[PDB]
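Quick heads-up: it's one chain on its own, the form deposited in one PDB entry, in C-alpha cells.
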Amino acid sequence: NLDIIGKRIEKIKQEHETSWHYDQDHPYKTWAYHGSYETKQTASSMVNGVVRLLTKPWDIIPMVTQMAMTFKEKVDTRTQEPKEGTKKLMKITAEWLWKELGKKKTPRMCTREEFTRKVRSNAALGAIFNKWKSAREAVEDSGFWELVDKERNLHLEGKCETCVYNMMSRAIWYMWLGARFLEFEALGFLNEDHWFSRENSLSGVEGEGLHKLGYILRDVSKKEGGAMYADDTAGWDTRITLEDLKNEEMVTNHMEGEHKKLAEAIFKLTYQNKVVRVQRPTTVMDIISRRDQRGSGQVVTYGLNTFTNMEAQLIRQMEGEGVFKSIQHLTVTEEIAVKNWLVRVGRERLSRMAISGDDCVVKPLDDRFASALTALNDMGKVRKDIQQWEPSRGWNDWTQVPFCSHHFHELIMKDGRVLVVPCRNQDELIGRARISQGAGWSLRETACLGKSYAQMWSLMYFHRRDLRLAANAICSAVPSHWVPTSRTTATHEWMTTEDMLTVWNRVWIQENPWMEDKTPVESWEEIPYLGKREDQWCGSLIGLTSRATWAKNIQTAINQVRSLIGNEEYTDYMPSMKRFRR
C-alpha cells in the first residue's frame, strides 16, 4: 500500500497545497480514495465533409447519421480471488507460455532513439500535454531526458515519483511522456519484436492484417474438432486480477541485468500498484489508487491481454478435455498431468486459436468445451450476454464467426482463384469514414483523411458495390498526388500514393501465402464482388432509388468536391468500373 504510492501522492498534494481536501461525499467503493483538488476543463466527433458530400444516400440512414452525434460503474467493481486449483493452473500455464514465446525471441530494452522515431511519425502513445507543447518537442529537449533519468534511477532504487495515470465500455489511462518512455524501454520489445506474431505465439495475429485474418480463421476450421467458439468477456480490462498481473510479471524471469530490474519496477510500481487522477463535476480532481485491473499503455495492454487470454483459453480447453477434475484443488498427479498435456499437445492446442487481445476464436478438440465454465468463471473472465452457467453456443461455419469486429467471406474470382475477404455491416464502415477526431483540420487535411478511408475500402472492402464506387469517387475528388493521412495509426497497406491496383496485386496475389498462382490482375474488372443478395444482407443500398440516382450522377458529386478544393490536378478513377467505362 502507501509505502509504494505515498511518494506519488505526497508530490501531487504539494502542487495543489491551496486546494487539498479529504472529501466525505467521495463516490468510490472499490478504489482507495486519498484526496481532491481544484481544476476546470473537458473532444467530440466532427464530420468529414469530403466523405459526407460523396455519400449522400446515407444522409437519411439513422445507423450512419447517429454515429456522429453525442461504463465507469464497471471500473468501480471488484473481482474475487480465484481458488487454489485455479491459481495453480494459471501459474503452471503462464510459466510454460513465457518459455514457449521466449524460445525464438530475446527480451531487450527499447531505446530513446526508437522512442524518438515513433513520436516523430505519430503513434498514439497515450501521453499528456505541462512544460512542452507536444511530445515532438519534449523529445528534442535534454531537460526532459534528465527528468526521465531522475525517475529511472528512482525505479532502480525500487521507488516511483511521477508515474501517475490520468483517466478519460472504453477507458484510456494517459501518463506524461516520461512514464510512457520508461514503460516502452522495459516492455516495448513485446510489440517491437512481434512476440504475439502467429509464427511466434501460434494463437496470436499481431501484425497479421485484415486481409490475413479470414485465411487464418479458415485454417483453424480445417482442424478436426467441435464448433468454433467466440465468447466475448464482459469488460476484460476490469476483470484482470492481481494473480493475472503476477503471472504476466513472470516475463521478467527471462530478462537480465538492468532490463530485468527496470521491467520488475514497471510491474511492481505502475501495474500492481496504480495512482490515478479522475475529473468529477461535483469540477475537482480525485487521486485514487488500486492494485488490480488493466491500466498500461494501449500497446503493452494489447500484448498482455493476448498473453492472459491465450492462458485462460488453454485452461478452458484443459477443462473440456478432463485434464483436471476440480478448481478447488489440484492433486500432485493433476499438476504432472497439466504439465504433461502442455509439453505433449500445448503447441497443437495454441494453433486451434486466433487471439487478438481480449478477442478470441477457439476450435476445441470437441464440444465438451461449451459447458467447461468453472475455471473461466473463477479466473473472473465472465462471458458477455449469457447466464454464468449456460453452455456457450458455437458456430458451425467459419464464415459466420465474429473476430476483430468482422466476419469473412469466401469469394471465387472469375479465374477460379480464392479470396477470403473481411466484411462488416456497411453502415458501420460509412459511419466511421464520416467522422474525424480533433480540431484545426484544414480542407486539405480533411480531404487526405477521406482518401485514407477510400484507399482502405479499395484494398479491404472492394467486394462491396457501394464502397468500391464511393472509394473511386473520393479518390477522383481529392487531388491525385495528395498523401493520405491519419492522426491515430495492424498493417496499413492503403497508406501510400502508389496506384491502388498495384497495391491490390501485391497484397492479395504476390505476398498472399494462400494463393499458389501468382498471375497479376490487369484491371479492377477482374476483381469480384459478393453476390448481390449477400451485399444487401451486409447493408448495401444496391436496389434503392436513392443509390441508383447517386451512382448515375456521381460525376456531379465529384465536381462539387473538386470545386470546393479548387484548381488542382485530379484523376478520373470512375472508368475503372464497367458501368462508367462508356
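Residue positions are given as counts along the sequence shown, with the first one as 1. In this text, rigid core is short for the largest set of C-alphas that superpose within 1.5 Å between two forms.
There is also a form deposited in another entry; it is not shown, and the following applies to it.
- Only one entry in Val338, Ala123, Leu147, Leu365 has its C-alpha moved by 2 angstroms or more between this form and the one not shown when the rigid core is superposed, and that entry is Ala123.
- When the rigid core is held fixed, the Cα atom of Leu242 travels less than 2 angstroms between this form and the one not shown.
- Once both forms are overlaid on the rigid core, the distance between the two CA positions of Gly440 between this form and the one not shown is 2 angstroms or more.
- With the core held fixed between this form and the one not shown, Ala32 has its Cα displaced by under 2 Å.
- In the other entry, the Cα-Cα separation between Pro484 and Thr116 grows by 3 Å or more relative to the displayed conformation.
- Here's the thing about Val299 and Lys159: their CA atoms end up at least 3 Å closer in the other entry than they are in this form.
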